[PDB]
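Visitor: when you get a sec, could you give me coordinates for this:
(8 chains)
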Amino acid sequence: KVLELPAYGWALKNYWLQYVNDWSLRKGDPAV
Amino acid sequence: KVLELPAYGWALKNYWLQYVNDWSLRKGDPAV
Amino acid sequence: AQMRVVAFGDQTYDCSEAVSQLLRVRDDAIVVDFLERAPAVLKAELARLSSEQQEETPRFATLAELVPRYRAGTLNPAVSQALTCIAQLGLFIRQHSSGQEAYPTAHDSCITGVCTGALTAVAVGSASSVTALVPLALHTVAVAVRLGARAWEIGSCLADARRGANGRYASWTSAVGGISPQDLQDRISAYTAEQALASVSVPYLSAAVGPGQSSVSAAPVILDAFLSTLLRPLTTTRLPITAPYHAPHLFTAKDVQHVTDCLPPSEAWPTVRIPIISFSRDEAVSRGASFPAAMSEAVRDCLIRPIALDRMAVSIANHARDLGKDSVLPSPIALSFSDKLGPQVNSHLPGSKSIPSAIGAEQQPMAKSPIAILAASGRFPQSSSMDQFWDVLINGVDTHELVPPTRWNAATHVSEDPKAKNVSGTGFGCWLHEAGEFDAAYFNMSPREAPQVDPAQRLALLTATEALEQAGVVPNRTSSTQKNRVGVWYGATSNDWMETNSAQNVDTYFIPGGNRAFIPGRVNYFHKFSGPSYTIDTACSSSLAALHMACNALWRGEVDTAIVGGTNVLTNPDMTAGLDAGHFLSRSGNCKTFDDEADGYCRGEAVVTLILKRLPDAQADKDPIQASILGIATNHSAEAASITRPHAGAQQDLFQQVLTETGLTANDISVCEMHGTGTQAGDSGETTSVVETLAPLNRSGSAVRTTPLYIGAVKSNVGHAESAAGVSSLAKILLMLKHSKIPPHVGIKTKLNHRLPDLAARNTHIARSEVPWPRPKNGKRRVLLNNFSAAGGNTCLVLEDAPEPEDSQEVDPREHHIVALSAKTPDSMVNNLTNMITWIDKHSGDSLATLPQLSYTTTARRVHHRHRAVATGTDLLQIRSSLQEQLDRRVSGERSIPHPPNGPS
Amino acid sequence: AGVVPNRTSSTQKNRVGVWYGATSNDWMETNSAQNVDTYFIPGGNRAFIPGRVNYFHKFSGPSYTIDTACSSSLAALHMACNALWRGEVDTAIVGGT
Amino acid sequence: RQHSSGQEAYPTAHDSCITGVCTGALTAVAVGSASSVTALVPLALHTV
Amino acid sequence: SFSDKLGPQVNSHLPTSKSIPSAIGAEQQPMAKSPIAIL
Amino acid sequence: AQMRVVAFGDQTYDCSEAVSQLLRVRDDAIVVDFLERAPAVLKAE
Amino acid sequence: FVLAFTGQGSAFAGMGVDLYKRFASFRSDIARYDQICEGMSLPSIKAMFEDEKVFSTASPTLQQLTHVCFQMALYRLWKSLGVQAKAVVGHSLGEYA
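Guide: Residues are numbered from 1 along each chain as shown, chains lettered A, B, ... in the order given. Shown next is the protein structure:
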């Protein structure tokens, strides 16, 4: 009988590429 | 018998939003 | 020395239910074949009718769509005739293959039929086995549709349809009682003389039933006038015959010849081997004629000859005596008033359980078999697991909040009145704050590669692996879990990571880490599943759309195990801004489902993965089963005024489609998990479709429901997960079944929406506080789940409680057991030890069978990595003491080391 | 193909489904994203590729987009053939963009 | 196939007999114990 | 195996067909496993 | 007055082609059913 | 559409033969009307549409029934082609059709 056991104890670290400089608000504008 | 006839004569016009100012090369960079 | 008589009936018998039963059949292969090809045959002849009849013929893909119109009385004579003929042949076939009934023989049985039954009788009498009967039976279907079509043509030419018919087909025949046939015939002649009726429009005696009973037919307008002259004590019972039959003044030999012209000429036509009791002819008993000649005579019984039903009883008895038989055993098939046959025929006369199938054969075909949900793991707002997700629902928590800085800066991206470009009016959402957490070592990713991978792909790997272990799936352990039998389906509408985050510095892993096809691909690659791998994009219905694709694969047999999931990770501010520019989003808060002041839906994040299997396979592997999927369907809202807005017409047709496919009714469903995106138009539209399907109202105004119906939307708690909404909704149900509760609904902030119908009158409820949802004793809870998209598509499924587990099992005589723990990292090893100890402290003294099952699970139903730990004992307490002792050594500084690579010698 | 909706049984509106293969949605990332307007989502989202076909020709059968990267169109052709084989539709529209 | 698709009447004790060698002896038992193709299937599956 | 010689061997101790066209719609094989036509 | 004998063989007969033919059968409903359930029975034993 | 039903004055021999030959529905109607007439002890009109010759010696009763059968079959033909009448007008014998 398969019992409900705790999930694997993942060794977690934060892997993230932060969105910066609010460049999405300037799409299409020139370098100014 | 279904014959192969010319396709519908579409009344075509160009609808385009041009990519400008090469802003994609600056993703993540500040305005400057 | 008994002789069975096989008697088929006419249109007077309501075959609606019998048709419904045959469509439910799935254990008899020759029946399902007959039921797939009969509509093809039916539809083929319907295309040869006149334009007038084609316009009054409904469109249908299967016979199921004809049943309701048959019951309503709006089905023309051509189809209702073929349908009765199909039901008779279908019932006979099932009785003689699935029912393992021996086929009739000329020595010990005869066949008889009245009107339409005469057609089927020819087919049965002309075959010696069920296999031979089908090809003739299909020819008989074509003859039946042509028969009703020809009588229909004469009727329309004779009399026009009346004005208040409303599509219903009027009655051409009526039963008369209290007068002898030859006396009623005289009154007819008299009535004819006084009205100066034309010879064709005259009423006529269509059948003689008994010494005082008979049946008279005529055009409806004329029949009504004549019946008005038959005063009490005479009786008048109107029959459901919608065309003239048994009329020598209307039909001729050319009409018969036309009906049977669909029978190609040949020399191999079988003859009538079994005597047919043709009691309405000169010769009561007939045999030997070829199938076409025998069929023409049968058609003649319908159009030319009157029914001598008063001779049916004695005609059968005389044949029985002719073969020295003492009694007869009636075997009626869709015969009106059939019970009276037995005594009536015998009055003229003096007067083991099925064997178990070989293992593997008892199971029904893979097509339309319950698909079992084995396990589900996911990440939801403020929830790192399914268990924490239930905390959100049962405590009525609203998880919406302003966009956190980890995604984008609301100060620059959000404005009360947005005028600058790419600025939105809302910044709300239900977010996964731990969406970046991942175990790159476990999945063989470098620290430089993991950041480039869409968190959707990462969380898909975590949830998928958790669900697999939760389901006790070990590749290649069993037949159903062979690597080449496992497929993966995911729903994903967006790829924000690749548009906003990694695009800031395109690197080497940009495509594989951002492309959606790699969402299931990485799962296939990591666990080495060589089955199919798909991503579905139907916008806000993607995950349930993928669940549909996965179920089809299982039903078709392309896979034995299916991994189904959905992902929604929001990192691109343009998507929210665009959604707000289109007015999809609520600028005040979360989805306010059913609230009078609902102003849109609130974007939500979620990742869920489930494991599916055809129920028999799930039980073969002793897998866990949380619920079973009975059906699932998809259509498109083509009839909407705008492309975006969904429309209720298409949604209801879907709800009823799945109820019919599953063989259920409104009362069988007790809960509906609606789409419910918190829109005044959407919530009122969907609510009307649900109640009209699951809580219809009587014509008097009362409730058809005997038990209450509860409706709710998960989006009021965790928002609209878009491509992951369907599975999020499904996850909620799995928890509701587990905990046997209906969680409160938090979407109603102020007042209930006024567009909704009177729910209380229909016995429908929106639970304001939690409600017990107990499983009935020896019963199941069944659910309807909806999930729609702004692109127009609609998807919904029917869910069901899991089966009752095996009662027996067995006692494990082994005194000592072994428990195995494994991990890929020293830190993960410490974690699993700790987590296993806390688990044993929770389930320490529940039962003695826990330890053998714990061993079985951790060993046979688990993969074993390089770092390993073991404990052995006779009870759970010993296992803990051992694992605790091992844990202490790990905490004291002795690190976990992987076992040598080659293994032991 | 000489298809007129509702002319024949196989061309009934409720018997026609649509499948398309698409791996990318560049327009809403580079072109329309330069000035997000009211039609941004419907015009950029892939689900609307087959959806517009369903809506314009009034086909109420299923509507799907498949993303298997460089095999999307044949994957979509595969799903459509399964629908036809199981009787879910009588006519199927399959494409790739 | 020979007795459903092939339109061949099922054997009967009056005009036919069954024989088999080694593996065929198993199949012969099933056929000889059934009177129609539909009845043969469940027996045939036990024989497998 | 070697079945052809059986006939003569057994008789040594001892001293026309056609199929009917199917009803329209039935001759075709089931829709499953049926050729999908590109129009 | 003829008696047909139904003779089944043994392993010496190469049934490979015959199996391949039966797997290509679509026109017989009772055959395809047997070939779907036979592997299930086989796999079970 | 307004449909104008003519009187018997303008009938001619062999009228409708091409219709009778090529349109199966037209032929069915005539064949049905013919059987109805014999059912009511009325002359047979089917010959008028096949032979042409008979028009010479045809009786008033046969010439009058043929006219009406012709119009009912001709009207049903146009209705089947999509012509739905806003009103009808008949001249003398044409009123019956």
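
Visitor: count of neighbours near the spatially closest residue to residue A:28 that is not a sequence neighbour?
Guide: Excluding the flanking residues, the one nearest residue A:28 by C-beta to C-beta, 6 or more residues apart in numbering or on different chains is residue D:34, at 3.3 Å. Heads up, the C-betas are built off the backbone N, CA and C, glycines and all. Neighbour count for residue D:34, taken as other C-beta atoms under 10 Å in any protein chain shown: 19.

Visitor: shouldn't residue D:34 be within a strand?
Guide: No - the assignment for residue D:34 is helix, going by DSSP: H, G, I helix; E, B strand; the rest coil, so no strand is present there.

Visitor: contacts only, for it.
Guide: A:27, A:28, B:17, B:19, B:20 (C-beta atoms under 8 Å, 6 or more residues apart in numbering or on different chains).

Visitor: what's the helix or strand for the second one?
Guide: Under the criterion DSSP states H and E, no helix or strand holds residue A:28.

Visitor: I'd say it and residue B:21 touch.
Guide: Yes - taking contacts as C-beta atoms under 8 Å, residue A:28 lies within contact range of residue B:21: 6.2 Å.

Visitor: returning to what we had before: counting neighbours, which of the contacts of residue D:34 comes out on top?
Guide: Going by other C-beta under 10 Å, residue A:27 tops these with 23 neighbours.

Visitor: can you give me the buried ones in stretch F:17-30?
Guide: By neighbour count with 16 or more other C-beta atoms under 10 Å in any protein chain shown, stretch F:17-30 contains the buried residues F:20, F:22, F:23, F:24, F:25, F:26, F:30.

Visitor: does that stretch reach chain D?
Guide: No - Stretch F:17-30 lies out of reach of chain D by C-beta under 8 Å from any C-beta of the partner chain, never closer than 9.0 Å.

Visitor: is that stretch anywhere near chain E?
Guide: Yes - residues of stretch F:17-30 contacting chain E under C-beta under 8 Å from any C-beta: residue F:19.

Visitor: return the distance of the longest helix seen in chain H from the chain's centre.
Guide: Longest helix in chain H, counting residues (DSSP state H): helix H:60-80. In terms of C-alpha atoms, centre = their mean, to the nearest Å, the centre of helix H:60-80 is set 2 Å apart from its chain centre.

Visitor: could you find the closest non-adjacent residue to residue A:9?
Guide: Nearest residue to residue A:9 in three dimensions, chain neighbours excluded: residue C:831, at 2.5 Å (C-beta to C-beta, 6+ apart).

Visitor: just give me the neighbour total for residue A:6.
Guide: 15.

Visitor: for chain F, which segments count as helices?
Guide: So, for chain F - with DSSP H - the helices run F:6-11.

Visitor: point me to the residue of chain A nearest chain F.
Guide: Of all residues in chain A, the one sitting closest to chain F is residue A:2 (34.7 Å; C-beta to the nearest C-beta).

Visitor: close to chain B: what parts of chain A are there?
Guide: A:20, A:21, A:23, A:26, A:27, A:28, A:29, A:30, A:31, A:32.

Visitor: how does it look with 6 Å?
Guide: Residues of chain A lying near chain B by C-beta under 6 Å from any C-beta of the partner chain: A:21, A:23, A:27, A:30.

Visitor: how much space between the residue in chain H sticking out farthest from the centre and chain E?
Guide: Of all residues in chain H, residue H:86 has its C-alpha farthest from the mean position, at 21.5 Å, by C-alpha atoms, centre = their mean. Distance, residue H:86 to chain E, using C-beta to the nearest C-beta, to the nearest Å: 59 Å.

Visitor: and that residue, what does it touch?
Guide: By C-beta atoms under 6 Å, 6 or more residues apart in numbering or on different chains, the contact list for residue H:86 reads H:1, H:2.

Visitor: send the alpha carbons of stretch C:235-255 over as PDB?
Guide: Output in PDB follows, covering the C-alpha atoms of stretch C:235-255 (Å, rounded to 0.1, in the frame of the first residue of the first chain):
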ATOM      1  CA  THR C 235     -63.200   4.100 -25.900                       C
ATOM      2  CA  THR C 236     -60.600   6.100 -27.800                       C
ATOM      3  CA  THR C 237     -56.800   5.800 -27.100                       C
ATOM      4  CA  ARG C 238     -54.600   7.800 -29.400                       C
ATOM      5  CA  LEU C 239     -51.500   6.000 -30.600                       C
ATOM      6  CA  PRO C 240     -48.100   7.500 -31.500                       C
ATOM      7  CA  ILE C 241     -48.200   6.600 -35.200                       C
ATOM      8  CA  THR C 242     -47.300   9.600 -37.300                       C
ATOM      9  CA  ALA C 243     -48.000   8.300 -40.900                       C
ATOM     10  CA  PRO C 244     -50.600   6.200 -42.700                       C
ATOM     11  CA  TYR C 245     -49.900   2.500 -42.700                       C
ATOM     12  CA  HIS C 246     -51.900  -0.700 -43.600                       C
ATOM     13  CA  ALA C 247     -53.900   1.200 -46.300                       C
ATOM     14  CA  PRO C 248     -54.600  -0.700 -49.500                       C
ATOM     15  CA  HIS C 249     -56.300   2.400 -50.900                       C
ATOM     16  CA  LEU C 250     -53.000   4.500 -50.600                       C
ATOM     17  CA  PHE C 251     -50.100   2.100 -51.400                       C
ATOM     18  CA  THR C 252     -49.500  -0.300 -54.300                       C
ATOM     19  CA  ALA C 253     -46.900  -2.800 -55.300                       C
ATOM     20  CA  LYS C 254     -44.800   0.000 -56.800                       C
ATOM     21  CA  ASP C 255     -44.500   1.600 -53.400                       C
END
